[PDB]
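Peer 1:
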Amino acid sequence: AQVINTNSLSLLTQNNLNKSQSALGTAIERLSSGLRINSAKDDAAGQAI
Amino acid sequence: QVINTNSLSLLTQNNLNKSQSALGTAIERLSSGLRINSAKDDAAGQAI
Amino acid sequence: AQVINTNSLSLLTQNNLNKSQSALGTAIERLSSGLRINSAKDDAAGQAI
Amino acid sequence: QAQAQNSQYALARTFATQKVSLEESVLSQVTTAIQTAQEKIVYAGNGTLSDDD
Amino acid sequence: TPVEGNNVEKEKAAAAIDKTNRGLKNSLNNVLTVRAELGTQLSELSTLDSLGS
Amino acid sequence: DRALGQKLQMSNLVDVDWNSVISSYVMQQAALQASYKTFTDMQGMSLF
Amino acid sequence: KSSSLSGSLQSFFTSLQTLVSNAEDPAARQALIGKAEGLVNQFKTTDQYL
Amino acid sequence: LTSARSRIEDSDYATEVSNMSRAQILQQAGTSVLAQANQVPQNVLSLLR
Amino acid sequence: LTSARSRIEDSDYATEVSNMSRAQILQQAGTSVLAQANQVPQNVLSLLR
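Residue numbers (the entry's author numbering), protein chains in the order written: chain A, 2 to 50; chain B, 3 to 50; chain C, 2 to 50; chain D, 54 to 106; chain E, 213 to 265; chain F, 266 to 313; chain G, 102 to 151; chain H, 447 to 495; chain I, 447 to 495.
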């Protein structure tokens, strides 16, 4: 059926796009910094050691 | 996504600045022939 | 008790078009400006922060 | 109601991350400072230094 | 006001500068608060007119 | 920015949306037509 | 059933939430005041009709 | 601070773009149905005479 | 001098594009309403009775 008030498929797609965005940002960050660990988000116990 | 602010670009620029400082230090020390080129390097060592 | 004459059905339609028009205006304004928060109408706390 | 519930949680999480990321950054600098402080201390253990050094 | 060569005047000028920094912070917060008030009214008006229509 | 604001201000005084007037116009056209059918029918009787 | 009282009500609750995380902020407090005014406005406006 | 300022200020272009599409389709469809609505009095005039 | 002269000389591309579009739409509307306007006497007369 065609509902015009809400293109459900659009939101479905947008979520996956954001999903990708996060990983691309992570990869570019790591590649730039030269480190696997940049922030505590990366690896806590590893950060400590 | 956001059009007008490339946060990741800023981050990469900061990393570039890090590498740049390290590079400058290496070249300076390499050229001088001395590890202690100024008071910044090793103050008490410089005095000694 | 009918509105064949006043249309009603037509006035009604019109109001829905106004709603759509306001939505389009907001979307265009934001997409051109690059900012969600363009005026104090967008938010109070957001403006301040 | 549930949609508004989720929206409120979204706002809360935005503010929380706002605080926490900054805290992490400043603590990273703190860690570097402590490392270099330790480094200095070892220097002090050297017994060939005179008093002005 | 010139300060070079002098003391007192350098520090007095610094004091005024810090005073103005503080004052500008406070004034900025006040203006932003008024803007917030106006924004709230501005938003409310549209809902009211749709109600009326 | 002030000029844009005042521009939109002026429109509200003097302009009018087309949908409203058009909608009224067509209807009133039809109303006039039925009114004249009144005259046609009464005249047709008038011959008696 | 989009702008009816409930819609404004949850919006007031939303503003109250946003205050909960920025307790010192004057702007958020003013915003909450305004949202309360709007809520009472809708209440009384409907009661007028009845 | 730049990142936080962004998350408060900026617009998400995909969201507003899809909103735009929604608004455009609504507006065109509604103008069509409004034309047919304004004809409804014509339907009843043909009914009337 | 070249920039200063430009500001006195030149015509703003976007502004006049929009003006032209508005003018075409206005003239189209005017012509259609004119067709119906000349119809007006035509209607009132054709109903001769």
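Positions of the beta carbon are idealized from the N, C-alpha and C atoms, including for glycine.
1. Output yes if chain F places a C-beta closer than 7 angstroms to the C-beta of residue 70 of chain C; else output no.
2. Kindly indicate which three-state DSSP category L151 of chain G falls into: helix, strand or coil?
3. Just curious, the alpha helix (DSSP H) that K237 of chain E is in, first and last residue?
4. Taking the alpha-carbon positions, what's the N99 of chain D to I38 of chain B distance?
5. Would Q61 of chain D count as contacting chain G if we go by Cβ distances under 7 angstroms?
6. Look at the alpha carbon of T305 of chain F and the alpha carbon of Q473 of chain H, and state the distance between them as a whole number of angstroms.
7. Beta-carbon of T213 of chain E versus every beta-carbon of chain G: anything under 7 angstroms?
8. Among B:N6, B:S9, B:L13, B:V4, which residue has its Cα nearest to the Cα of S33 of chain A?
9. State the beta-bridge partners of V4 of chain B as determined by DSSP.
10. Indicate whether at least one CB of chain E lies closer than 7 angstroms to the CB of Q131 of chain G.
11. In whole angstroms, what separates the C-alpha of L491 of chain I from that of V281 of chain F?
12. Is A460 of chain H closer than 7 angstroms to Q15 of chain A when the C-beta atoms are compared?
13. Who pairs with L36 of chain C in a beta bridge, going by DSSP?
14. Does the CB of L12 of chain B have a neighbour CB from chain A at under 7 angstroms?
15. Using a Cβ-Cβ distance cut-off of 7 angstroms, determine whether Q15 of chain C contacts chain F.
16. Check this for me: beta carbons of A469 of chain H and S21 of chain C, under 7 angstroms apart or not?
17. Mind listing the chain H neighbours of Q91 of chain D? Cutoff is C-beta to C-beta under 7 angstroms, in chain order.
18. For a test of the three-state rule: what should DSSP assign to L25 of chain C, helix, strand or coil?
19. Starting from the beta carbon of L480 of chain H, find every residue of chain C whose beta carbon is closer than 8 angstroms, and list them in chain order.
20. Can you name the start and end residues of the alpha helix (DSSP H) that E77 of chain D belongs to?
21. Cβ of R247 of chain E less than 7 angstroms from any chain C Cβ?
22. Give the DSSP-derived three-state secondary structure of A41 of chain A in the structure shown.
23. For the structure I just gave you, are there three or more beta carbon pairs, one from the segment 245 to 262 of chain E and one from the segment 127 to 144 of chain G, closer than 8 angstroms?
24. Mind listing which residues of the segment 452 to 474 of chain H have their C-beta closer than 8 angstroms to chain A's C-betas, in chain order?
25. Quick one, which of D:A55, D:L64, D:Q56, D:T85 has its alpha-carbon nearest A46 of chain C's?
26. Indicate whether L250 of chain E and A49 of chain C have their beta-carbon atoms separated by less than 7 angstroms.
27. Could you please give the first and the last residue of the uninterrupted alpha helix (DSSP H) stretch that includes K102 of chain G?
Peer 2: This is what the structure holds:
1. Residue 70 of chain C cannot be examined here, being either before or after the span of chain C that is shown, 2 to 50.
2. The sequence position of residue 151 of chain G within the seventh sequence is 50, counting from 1. Looking at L151 of chain G - three-state DSSP - the assignment turns out to be coil, as it is neither helix nor strand.
3. Here residue 237 of chain E corresponds to residue number 25 of the fifth sequence, with the count starting at 1. Element bounds for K237 of chain E: 221 to 264.
4. As a first step, residue 99 of chain D is located in the fourth sequence; it is residue number 46 there, counting from the start. As a first step, residue 38 of chain B is located in the second sequence; it is residue number 36 there, counting from the start. Straight-line Cα distance between these residues: approximately 19 angstroms.
5. Against the fourth sequence, residue 61 of chain D aligns to sequence position 8. It does: the Cβ of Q61 of chain D has a partner Cβ on chain G nearer than 7 angstroms.
6. Taking the first residue of the sixth sequence as position 1, residue 305 of chain F is located at position 40. Taking the first residue of the eighth sequence as position 1, residue 473 of chain H is located at position 27. Cα to Cα, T305 of chain F sits roughly 41 angstroms from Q473 of chain H.
7. By one-based count along the fifth sequence, residue 213 of chain E stands at place 1. For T213 of chain E, the answer is no, since every Cβ of chain G falls outside 7 angstroms of its Cβ.
8. Counted from its first residue, the first sequence places residue 33 of chain A at position 32. It is B:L13.
9. Here the question's residue 4 of chain B lines up with position 2 in the second sequence. The partner list for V4 of chain B (beta bridge, DSSP) reads H:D458.
10. For the purposes of this step, residue 131 of chain G is taken as the residue at position 30 of the seventh sequence. Taking Cβ atoms only, chain E reaches closer than 7 angstroms to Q131 of chain G, which makes this a yes.
11. Reading the ninth sequence from its first residue, position 45 is the one you call residue 491 of chain I. Reading the sixth sequence from its first residue, position 16 is the one you call residue 281 of chain F. Computed Cα separation, rounded: 30 angstroms.
12. Along the first sequence, one-based indexing puts residue 15 of chain A at 14. Along the eighth sequence, one-based indexing puts residue 460 of chain H at 14. Yes, the pair counts as a contact, with Cβ atoms nearer than the cut-off.
13. Position 35 of the third sequence holds residue 36 of chain C. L36 of chain C pairs with H:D456.
14. Walking along the second sequence from the start, residue 12 of chain B turns up at place 10. False, the Cβ-Cβ gap to chain A never drops below 7 angstroms.
15. Along the third sequence, read from residue 1 onward, the residue named residue 15 of chain C stands at position 14. Taking Cβ atoms only, chain F reaches closer than 7 angstroms to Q15 of chain C, which makes this a yes.
16. The residue you call residue 469 of chain H lines up with position 23 of the eighth sequence. The residue you call residue 21 of chain C lines up with position 20 of the third sequence. For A469 of chain H and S21 of chain C, yes; Cβs fall inside 7 angstroms.
17. As a first step, residue 91 of chain D must be located in the fourth sequence, where it is residue number 38. Near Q91 of chain D there are no residues of chain H at all, since even the closest Cβ is about 31 angstroms away, more than 7 angstroms.
18. Position 24 of the third sequence, counted from the first residue, corresponds to residue 25 of chain C. It is helical.
19. Residue mapping note: residue 480 of chain H aligns to position 34 of the eighth sequence, counting from 1. Result: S11, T14, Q15, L18.
20. For the purposes of this step, residue 77 of chain D is identified with residue 24 of the fourth sequence, where counting begins at 1. Residues 55 to 97.
21. Here residue 247 of chain E refers to the residue found at position 35 when the fifth sequence is read from its first residue. By this cut-off, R247 of chain E is an interface position.
22. Here residue 41 of chain A refers to the residue found at position 40 of the first sequence. Note: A41 of chain A maps to coil in three-state DSSP.
23. yes
24. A460, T461, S464, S467, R468, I471, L472
25. Translated into the one-based positions of the third sequence, residue 46 of chain C becomes position 45. Taking only the C-alpha atoms, the option nearest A46 of chain C is D:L64.
26. One-based indexing of the fifth sequence puts residue 250 of chain E at position 38. One-based indexing of the third sequence puts residue 49 of chain C at position 48. Contact flag unset, no.
27. By one-based count along the seventh sequence, residue 102 of chain G stands at place 1. First-last for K102 of chain G: undefined, no H or E at that position.
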